[PDB]
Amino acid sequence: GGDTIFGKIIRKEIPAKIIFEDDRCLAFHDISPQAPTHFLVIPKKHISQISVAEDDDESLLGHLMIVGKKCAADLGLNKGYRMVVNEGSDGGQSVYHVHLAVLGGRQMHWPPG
């Protein structure tokens, strides 16, 4: 899905530790984990950033969050977690393919960066 490293991961051209897959998204552990559990849920559709998501994408974006919730439960995050979507330079977005990050296994702090 697209011209980024996340596209390569979706196409199985480079490895990742995959947690879950369906016909429209992929969940996998982040290569630079910031918490004992840290994974990403990404759409297979190449949406470059949340700021350009269209109205028709509403269901899909919600699906990323539901899949994120389910994977977090499966990975034993019973004390909680934080979901994060980064947009643009101020948001610290590292790849221009929409991704929902899920972090847990430790106390998350405030402010969130």
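For every residue, the number given is its place in the sequence shown, counted from 1.
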(message) Please compare 67-75 with 52-60 and say which has the higher mean C-alpha temperature factor in the record.
(response) 52-60
(request) Comparing against every modelled residue in the chain, figure out the third that the C-alpha B-factor of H29 lands in (lowest, middle or highest). (result) lowest
(request) Would you mind ranking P43 by its C-alpha B-factor against the rest of the chain and naming the third, lowest, middle or highest? (result) lowest
(message) Where does the C-alpha B-factor of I9 rank in its chain, lowest, middle or highest third?
(response) middle
(request) Select lowest, middle or highest to describe the third in which the CA B-factor of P15 falls within its chain in this entry. (result) highest
(message) Ranking the modelled residues of this chain by C-alpha B-factor as given in the entry, is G105 in the lowest, middle or highest third?
(response) highest
